[PDB]
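Data first, discussion second: the structure below is written as structure tokens.
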Amino acid sequence: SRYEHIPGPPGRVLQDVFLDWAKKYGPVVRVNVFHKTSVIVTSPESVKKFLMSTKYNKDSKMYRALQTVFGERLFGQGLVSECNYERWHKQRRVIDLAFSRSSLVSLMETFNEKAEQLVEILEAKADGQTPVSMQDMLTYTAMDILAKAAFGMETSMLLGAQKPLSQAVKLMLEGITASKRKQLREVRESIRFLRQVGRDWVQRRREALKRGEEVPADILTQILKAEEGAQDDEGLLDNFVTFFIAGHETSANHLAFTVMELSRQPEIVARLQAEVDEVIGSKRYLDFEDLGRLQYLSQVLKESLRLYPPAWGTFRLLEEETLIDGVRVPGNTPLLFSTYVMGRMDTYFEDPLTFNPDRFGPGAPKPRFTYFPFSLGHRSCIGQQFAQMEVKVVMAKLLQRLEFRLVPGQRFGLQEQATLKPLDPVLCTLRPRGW
Ligand code: HEM
Ligand SMILES: O=C(Nc1cc(C(F)(F)F)cc(-c2cnco2)n1)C1CC1
């Protein structure tokens, strides 16, 4: 009853229902997400007010689904799901060190090596006939990159290793959205497995440090540092799992969506191929300076995130009753922000369903609080530049070497768990560039 005065209803996903309702009912709409009543706020004024202030914190009730699943601790109080400001701020500032300019520049070798491995595997299949799941291949690449970059481990998913691990991730993500008997069993065991991987890799790191082996400072270094005097390792494992999942899942989804969309954009692909040819030539390795020169690719990736944001948005807690765009919203209410919804509204983007990289051209007016694929403010993505770099490296190497055609019958639709991803496996046939 407390929300009844708020406007609202009396490969298609929940975000699409939200889009319809925002269009029908306006900038402040009452909805149902993760069992609770929330209010979807879609004016840029609101985006600015709530996301760009340390006064507004994440809503713990909406993050409970990440913290624990079916009685199994998952992301716990890790960096994504911690909703206490002071607790978040402590760990954020420590982990920030792993995402310094110099830290990320040093990762270029890892990005290049995994991208090169992917391309060599695809080249051998490029007979214009063999169907290849680009969703799968890009997920394996993203995982291999993350495991090495963040934790100094070799998952070798591109070599067909760690199949149970990939199964565990899938079942766990299904688990988040779920919240019969067999599904519960599978989800719980998957979560415990991932945390055990954490214990294993943490023990390996500690052993290396004791034996005085060389350990390059990485994300794991800072995750350990953040827990320097904790009672137990549960906080450490929270962050292990957080970074293990967040560090590859969205990157993989972003790559897959981009490949999927580009399969129906031959002119844009031709332009991208030309840009890569001109900037890097036949070089096997992209330098950091090369990344900045791939300006058209940067625009295409931005436009991909407008239409296909893997991370659709965020929640903040409204503590006190507040007027939001002429609507009285009661205190203690989750506000839902969605870059997916706003990206597809004609009031914010002309011809919203058209894929046009020119929206992000140098001279074009920049979206003002209508586009936030990495979120905004203090709780924005710590991994934003990491992700931007790795995806540019992967995409550039694909464009350098291969032509992709989507297998007829493959859909452009979405599926939604916690994050958005292609409904279909992005099955493509491949040919080497140059006939
Ligand atoms: C293209 C890929 C990516 C996208 C679109 C993306 C998007 C986002 C979004 C929307 C948030 C806000 C989440 C929320 O409010 O619940 C976020 C936060 C976060 N992301 Fe990412 N992300 C990406 C890649 C990465 C990578 C590569 C890492 C780690 C290596 C990462 C780690 C995180 C973490 C730890 C947070 C929580 C930050 C904080 O609250 O202090 N993400 N990301
Ligand atoms: O679910 C939410 N955030 C969320 C969830 C996930 C998950 F579950 F797929 F692991 C991953 C990321 C992420 C952020 N950066 C990279 O991955 N974010 C909030 C409540 C809406």
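Along the sequence shown, the residues carry numbers beginning at 1.
Between the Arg431 side chain and the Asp127 main chain, a donor and an acceptor come within less than 3.5 Å of each other. Between the side chain of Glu390 and the backbone N or O of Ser251 there is no donor-acceptor pair closer than 3.5 Å.
Counted by atom type alone, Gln67 and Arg64 present zero donor-acceptor pairs between their side chains at under 3.5 Å. For the 3.5 Å distance criterion, the side chains of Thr314 and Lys58 fail to qualify, holding no donor opposite an acceptor. Between the side chains of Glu303 and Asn356, not a single donor N or O lies within less than 3.5 Å of an accepting N or O. In the model, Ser338 has a side-chain atom that pairs as donor or acceptor with a side-chain atom of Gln15 under 3.5 Å. In this structure, a donor-acceptor pair under 3.5 Å is present between the side chains of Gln295 and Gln299. Remark: the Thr139 side chain and the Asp136 side chain contain no N/O donor-acceptor pair separated by less than 3.5 Å.
A salt bridge links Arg205 to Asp218: at least one charged side-chain nitrogen sits closer than 4.0 Å to a carboxylate oxygen. For the pair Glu86 and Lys90, the salt-bridge criterion is not met [side-chain N within less than 4.0 Å of a carboxylate O]. For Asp238 and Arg73, the salt-bridge test passes: some basic side-chain N is under 4.0 Å from an acidic carboxylate O. Taking the charged nitrogens against the carboxylate oxygens, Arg195 and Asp200 have no contact shorter than 4.0 Å, which rules out a salt bridge. Of the charged side-chain nitrogens involved, none lies within less than 4.0 Å of a carboxylate oxygen, so that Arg433 and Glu403 do not count as a salt-bridged pair. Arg293 has no carboxylate O lying under 4.0 Å from a charged side-chain N of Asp287, or vice versa, which leaves the two without a salt bridge. No salt bridge links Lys48 with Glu45; every basic N to acidic carboxylate O contact stays at or beyond 4.0 Å. A salt bridge between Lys114 and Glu109 is absent, with no side-chain N of the basic residue lying under 4.0 Å from a carboxylate O of the acidic one. Salt bridge annotation for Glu116-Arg401: present, with a cationic side-chain nitrogen under 4.0 angstrom from a carboxylate oxygen. By the 4.0 Å N-to-carboxylate-O rule, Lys23 lies too far from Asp346 to be salt-bridged with it. Taking the charged nitrogens against the carboxylate oxygens, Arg92 and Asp96 do have a contact shorter than 4.0 Å, which makes a salt bridge.
Across all non-hydrogen atoms, the minimal contact from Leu19 to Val341 is CD1-O, 3.4 Å. Of all heavy-atom pairs between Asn57 and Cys83, the closest is CB-O, 4.1 Å. Pairing each heavy atom of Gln222 with each of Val94, the nearest pair is NE2-O, 3.1 Å. Here the closest heavy-atom approach between residue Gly76 and residue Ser81 is recorded as O-OG, 2.7 Å. The two residues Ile176 and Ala65 come nearest to each other via the heavy atoms CG2-O, 4.0 Å. Nearest heavy-atom pair across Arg379 and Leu79 is NH2-O, 2.8 Å.
The aromatic rings of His248 and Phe244 stand perpendicular to each other, their planes meeting at an angle above 60°, with 30° marking the opposite boundary.
Geometric assessment of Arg344 against the ring of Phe349 yields a negative cation-pi assignment under the 6.0 Å and 45° thresholds.
Within 6.0 Å of the CZ atom in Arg93, the count of heavy atoms belonging to other residues, nucleotides or ligands does not exceed 12. Around CD of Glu207, the count of heavy atoms belonging to other residues, nucleotides or ligands within 6.0 Å exceeds 12. Within a 6.0 Å sphere centred on CZ of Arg264, other residues, nucleotides and ligands contribute more than 12 heavy atoms. Sparse packing is recorded around NZ of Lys225, with 12 or fewer heavy atoms of other residues, nucleotides or ligands lying under 6.0 Å away.
A centroid separation of less than 6.0 Å is found between the aromatic rings of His378 and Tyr85. Remark: aromatic rings of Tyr308 and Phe412 are distant, center separation not under 6.0 Å. Here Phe240 and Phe151 bring their ring centres to under 6.0 angstrom of each other. The distance between the ring centers of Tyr371 and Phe360 falls below 6.0 angstrom.
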**OP:** For salt bridge (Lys or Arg N to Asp or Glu O under 4.0 Å), just list the numbers for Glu275 and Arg271, CA-CA rounded to whole Å, side-chain angles, deciding distance to a tenth of an Å, and then say yes or no.
**Re:** CA-CA 6 Å; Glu275 180 177 72; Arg271 292 180 184 293; over 6 Å; no
Original post:
salt bridge (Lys or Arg N to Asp or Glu O under 4.0 Å) between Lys421 and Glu249: does it pass, once the steps are laid out?
Top reply: CA-CA 9 Å; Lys421 62 208 71 169; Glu249 179 67 20; 3.2 Å; yes
**OP:** Start with the C-alpha gap between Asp290 and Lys283, add the side-chain angles, then the distance that decides, and say whether salt bridge (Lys or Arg N to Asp or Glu O under 4.0 Å) holds.
**Re:** CA-CA 11 Å; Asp290 298 318; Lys283 288 198 309 168; 2.8 Å; yes
Original post:
So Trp312 and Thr419, side-chain contact (heavy atoms from CB on, under 4.5 Å) or not? Walk me through it.
Top reply: CA-CA 7 Å; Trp312 54 253; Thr419 63; 6.0 Å; no
